[PDB]
């Protein structure tokens, strides 16, 4: 299918889709817009947010809805309906946390206050729950990689930008990150993707 992904020039919420495309070896147009041209584009979107994915002329929105759409019927979805639920739940737990950060907050003091609060108090709790959830298993769900593992690596990458010691008490969570980055298709994407802070 003819795929065109539109988002800002950063990993952000579109990265999970980019990882899926890479892993599945699916060609697509990685359209990155400049803030200057956002106002215009925004007015043409049903819900005015990005990323959006155009599939054979049909527009889809919501990054995780799109990610699920692309992984259905693939080895990244989960081996059973229950496991598929586990995958969706891990992704939503991660999304919930990342969404707690005031990324668009212009008030620097208010922004820095919340970032520090989330990173200092909340993050450690989440890392502990994830570590316990993972246990000694290779991947978060089942016996093989799922897009939930992808999302973990993606979300943790951004968290580490602000809190480098985030995983110092969780070697198992570090190893999971490396296991994902070691996947040939993923490693290739990470090596060629635009280098952006977020």
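Numbering follows the first chain given and starts at 1.
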- Task: Check the entry's C-alpha temperature factors for 67-75 and 80-88, then say which stretch has the higher mean.
- Result: 67-75
- Query: On average, which has the higher Cα B-factor in the deposited entry, 112-120 or 95-103?
  - Reply: 112-120
- Task: Using the entry's values, work out which of 160, 50, 173, 41 has the largest Cα B factor.
- Result: 41
- Temperature factor at the Cα of residue 62, chain-ranked in thirds, falls in the lowest
- On the chain's distribution of Cα B-factors, residue 26 falls within the third called highest
- Item | Relative C-alpha B-factor of residue 35, binned into the chain's lowest, middle or highest third | highest
- Can you work out whether the C-alpha temperature factor of residue 165 puts it in the lowest, middle or highest third of the chain? highest
- Mind checking which third residue 155 falls in for C-alpha B-factor across the chain? lowest
